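A short write-up of the structure that comes next.
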RNA sequence: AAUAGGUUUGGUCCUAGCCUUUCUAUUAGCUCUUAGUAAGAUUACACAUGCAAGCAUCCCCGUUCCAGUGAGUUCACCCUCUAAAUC
Ligand code: FES
Ligand SMILES: [K+]
Ligand SMILES: [K+]
Ligand SMILES: [K+]
Ligand SMILES: [Mg+2]
Ligand SMILES: [Mg+2]
Ligand SMILES: [Mg+2]
Ligand SMILES: [Mg+2]
Ligand SMILES: [Mg+2]
Ligand SMILES: [Mg+2]
Ligand SMILES: [Zn+2]
């Protein structure tokens, strides 16, 4: 009845959280935009038409 | 439905969603109606929330509830 | 008055005193046999904290649930020794008895 | 035939005839009785006939029995507050013992009637769903409403197969 | 000042309870239904008299008279007229509050018409909606055809007036117009054919008497009670008539003559009774047979 | 064949031909199903008349073409109802095919609904404990001021022409993606002449 | 099934059969399937007119008020049902869609009159 | 089976015999007739005045098949099957 | 005002409890302050795009 | 196992197994007119192709749901405590 510990799941959880704080993208990356295509190069997603 | 890991369809890569056209007279009138409707419904929601809280307090520490608790305790002694 | 322990009050027989400040108590409950519709004793073991180590194997004790368990298996404390083994006091008369016989007559103190 | 004396005790009908439903305070009921002696006969019949009914109506109350530990029979109840109720039963019949503990620690008929009524609120007649939970599964079972298509085919006009055909 | 009694007055209920009668063989007639093997008890003469006494108590409950109510007034109440909704729907919506713990006569049941009007449901819609969501055993959403005039005459021909009233009681509310129309048509068929014994020892006898007394048509029932040697009931019937018609020719005649017992029937027979001659003859015959038994 | 009793089916049961064939017993008394085993199938045959042809062992109804299952032939229907319990016999009890058992069950119910067949009608209790009709649900509600004056329940139910500055602000905001400006709607719903 | 966030919603659960829709009004977690687990049933809605030409809507108003008071949201079709019942104000789009229907039928009537005039 | 059947059926006590043996009325209770007590047999000799003792619990032997059926625990595909009128 | 049905129920409850007031039930909206939809929201409680540069 | 039945022997009684009769589901054979409705891979084996998650004045939010499967398997229920979430 004693659940077997899952160490790889806790280890990966911490490594992911750590890497998300040390490799976090900066405002200059997230909120950049290509003014010819009107897309964000960070995700390649277009902005809404009313924002163009 | 798709998961965030599933890839975007190629037939939809260039799709641009064009917003609808706006009728200024109907648009403004409808904008005001939603303000009034949602003000009235928020007032009704507040009353319903108070009724739920009142009935909870009444059942816990009401006059009829504290009276019945003393009666049961007296009958027991 | 609240507690995280399921069994709040239980009566049982002390079956072990080898743990320090802990009495091992066998608690029996009646359980209905669904097919036979007859009640049979079902016994369960509870560890009870006994600070003064006053419990003797064989005495009937009353256990009270602790607010939170103090150990992996210790969820109750000794609340009262109901029937001391071989030293039972008749609750109806208050006189000492040995089985179904009085050791002091109730007529002594009128 | 059913084994043992008084096999009626091992029937659901007999066990449901107990009238002692303890108040929530009662946590443990110990029974001290003697196997022999004319003055402890009611306690023996109480253990033989009624303890099964008491446990059936109070499944979460611990009942423990003790033989020949004291000179006279008695019942003792342990309540959640920590209070103890000693009931002397020597010379009393089993029927008087059942009536005594019902009076001092049993729920009255009014308190039980109320609980039964609150249970009926859980099965609302107007609710539709599986027979296990509701009287009717669908509104089509109500006379006057459009019946189920599995029994009465719908008019071609109320069916999507022909709505699209005409429209298309 | 001086109020005329109601159907539920203790004086009227006592009079009608006795005129009804209690017959345990009829009140507890064997029902044609799914049967179980009977049980048996060994009883002394005292235990039997007690069991029979309990049966009489259970019968007086089964004979409890339903209250006689006046017709309910149609509901015509508009809650709102939202004309902006006119022509947006083709079918009307019926909204029923199904909150469990509300008396059915206090449940708001409203109807949104295609015109946009929010109105309270009519009495007929209410009883129909209450049956949909709170189905009562023995009641149908659509009115059964047994209550059509052609089908009631069939039931009357078979002397099944009590079944007609049991069906009407189960289908309609006591103040409904259909409930009153059926009862009145049933009482009248009894008066025309002299079938007053069909309702004795039932909860429907008092309502039948109440109808005759208020409509001044007790001549048929009074004759039936005399022909059956029920002068105590026949005398109570004439007294109930006077109580509900105090300013009448018969009530005054009884006051002027201080009539009592059988004399009341003679006063009533001459003044107000329509079949006054047939009552005196029927009453004369009774006094003769009573004298023959005396001699 | 053509039965002369189709119009007055109750007459066949009063004739001498019926009395000689059945006597005072039910029409199904002498019928026996042919089946393997001691326990019969739990359903009778679907029908004894199949495309105008009769099976070798037709059921009590199908074997006599003069027996007409009709809600008026109450003397025949009574033979398929228990006199002591009033329950309709299941089809294996009498051996009638499923087709005729449905017709019997429908005729029996139709005869009861018409009052031609006696059945037990219990005495029920009243729906309501109180018969008061004073509550607002079944009585008049005081009309609201808007309802008296004839106004909408809320003023925003009506169309109110917006100011011209507010319309210019929306024309600037949505410049290039505008529709034609709508005016006040009709006061009532129009209709096709 | 503990969901990440979410809330209770009063909404219509579709029942019935093909071409025979029937709705149960239920308070349920928004993440739950439309016809799956619910917290409580609060009424029913038959969208098909019955023999008396009526659409029957049952509302457990005591419990609807309870669940709204406990943080339950309302689906848009359910808000419109309450508007028609008079329990809520008429929804802005019930009013707006009515005005649109009037303008649409005012144009058809004008076209019909113009055609008859030409004839 | 035949010899047992005839033995059982010949050795049954009627209601009149029961009343005479115990000198009490035999009262029949029918659910179809409600609480109406129907006396089926009365003793021909004197009628006892002392009620029959009411043992709180009878020591009668029960058939497990009868008890199992009344408790809904009896499951058989062959029981309660539809059969021809007998 | 209350919605048409809600008002009728409030008035009906008054009469059942013996209240004979003719005052109209009214829904207090003073406490309901309707903010514009473009009112600046709380940025502290707003999320942020997670890192996965393309 | 039931309202039971067939079957051990030269024969009888007893015990006993097997099977028969009943009701479902799947598959096979042979056969098959219409309408409505319900249900619908053997395989946690491998998968061509298409589609199944967007929304929105940029931020965010959503894609953690729904839908699928039955490999594994007493994480499902009650109480206590207490986050996140809705109001
Ligand atoms: S079950 Fe009601 S429509 Fe099919
Ligand atoms: K065998
Ligand atoms: K196949
Ligand atoms: K599995
Ligand atoms: Mg052998
Ligand atoms: Mg041999
Ligand atoms: Mg096949
Ligand atoms: Mg799922
Ligand atoms: Mg598998
Ligand atoms: Mg929190
Ligand atoms: Zn046939």
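Protein chains in written order, with the authors' numbering: chain Z, 4 to 55; chain X, 27 to 103; chain R, 4 to 113; chain U, 2 to 169; chain C, 64 to 358; chain B, 47 to 239; chain E, 10 to 128; chain A, 345 to 430; chain L, 165 to 218. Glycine included, C-beta positions come from ideal geometry on N, C-alpha and C.
Just confirm the distance between the C-beta atoms of residue i and residue j, as a whole number of angstroms; I'd bet it's less than 8 angstroms.
i: residue 193 of chain C; j: residue 69 of chain E; result: Contact flag wrong, Cβ pair sits at about 15 angstroms.
i: residue 288 of chain C; j: residue 282 of chain C; result: No, residue 288 of chain C and residue 282 of chain C are not in contact; Cβ-Cβ is about 11 angstroms, not under 8 angstroms.
i: residue 378 of chain A; j: residue 235 of chain C; result: In fact, because the Cβ distance is near 26 angstroms, the residues do not count as touching under 8 angstroms.
i: residue 109 of chain C; j: residue 87 of chain C; result: Rounded, the Cβ-Cβ distance is 18 angstroms, inconsistent with contact.
i: residue 142 of chain C; j: residue 89 of chain C; result: So it is not a contact: roughly 50 angstroms between Cβ atoms.
i: residue 263 of chain C; j: residue 128 of chain C; result: Actually they do not touch by this definition, with Cβ atoms about 13 angstroms apart.
i: residue 240 of chain L; j: residue 190 of chain B; result: Nothing about residue 240 of chain L can be reported from this structure: the residues present for chain L run from 165 to 218 only.
Is the closest heavy atom of ligand 1 to the C-beta of residue i under 8 angstroms?
i: residue 154 of chain U; result: no
i: residue 386 of chain A; result: no
i: residue 128 of chain B; result: no
i: residue 105 of chain B; result: no
i: residue 140 of chain U; result: yes
i: residue 29 of chain E; result: yes
i: residue 151 of chain U; result: yes
i: residue 231 of chain C; result: no
CB residue i to CB residue j, shorter than 9 angstroms?
i: residue 59 of chain B; j: residue 217 of chain C; result: no
i: residue 244 of chain C; j: residue 252 of chain C; result: no
i: residue 192 of chain B; j: residue 202 of chain B; result: no
i: residue 204 of chain C; j: residue 143 of chain U; result: yes
i: residue 159 of chain C; j: residue 219 of chain C; result: no
i: residue 53 of chain R; j: residue 43 of chain R; result: no
i: residue 43 of chain Z; j: residue 35 of chain Z; result: yes
i: residue 59 of chain R; j: residue 27 of chain R; result: no
i: residue 428 of chain A; j: residue 141 of chain B; result: yes
i: residue 78 of chain U; j: residue 91 of chain U; result: no
i: residue 56 of chain B; j: residue 120 of chain B; result: yes
i: residue 147 of chain C; j: residue 104 of chain E; result: yes
i: residue 381 of chain A; j: residue 368 of chain A; result: no
i: residue 146 of chain U; j: residue 122 of chain E; result: no
i: residue 98 of chain R; j: residue 64 of chain R; result: no
i: residue 206 of chain B; j: residue 58 of chain X; result: yes
i: residue 261 of chain C; j: residue 224 of chain C; result: yes
i: residue 36 of chain E; j: residue 48 of chain E; result: yes
i: residue 168 of chain B; j: residue 89 of chain B; result: no
Listing by chain order, which chain E residues have their CB less than 9 angstroms from the CB of residue i?
i: residue 143 of chain C; result: 95
In chain L, which residues lie with their C-beta within 8 angstroms of the C-beta of residue i?
i: residue 27 of chain Z; result: 215
Using a Cβ cut-off of 7 angstroms, pull out every chain C residue sitting near residue i, in sequence order please.
i: residue 378 of chain A; result: 91 and 121
Cβ closer than 9 angstroms: which chain Z residues qualify as neighbours of residue i?
i: residue 48 of chain X; result: Here the premise fails: no neighbours, minimum Cβ distance about 11 angstroms.
Closer than 8 angstroms to a non-hydrogen atom of ligand 11 - does that hold for the CB of residue i?
i: residue 93 of chain B; result: yes
i: residue 145 of chain B; result: yes
Does ligand 8 have even one heavy atom less than 8 angstroms from the beta-carbon of residue i?
i: residue 42 of chain E; result: yes
Applying a beta-carbon distance threshold of less than 7 angstroms, which residues of chain L neighbour residue i?
i: residue 39 of chain Z; result: Residues of chain L passing the Cβ test: none, with the nearest at roughly 17 angstroms.
Taking Cβ-Cβ distances shorter than 9 angstroms, what residues in chain A pair up with residue i?
i: residue 6 of chain U; result: 403
Requested in this report: Could you name each continuous alpha helix (DSSP H) segment of 4 residues or more that falls completely within the segment 161-199 of chain B, going from the start of the chain to the end?
Outcome: You should have 191-195.
Query - Those runs of the beta strand (DSSP E) which lie wholly inside the segment 13-44 of chain E and span at least 3 residues - result: Look at the segment 13-44 of chain E and you find these whole runs of beta strand (DSSP E), each 3 residues long or longer: 17-26 and 29-38.
**Report entry** Those runs of the beta strand (DSSP E) which lie wholly inside the segment 99-151 of chain C and span at least 3 residues
**Finding:** Fully enclosed beta strand (DSSP E) runs of 3 or longer: 102-106 and 141-144.
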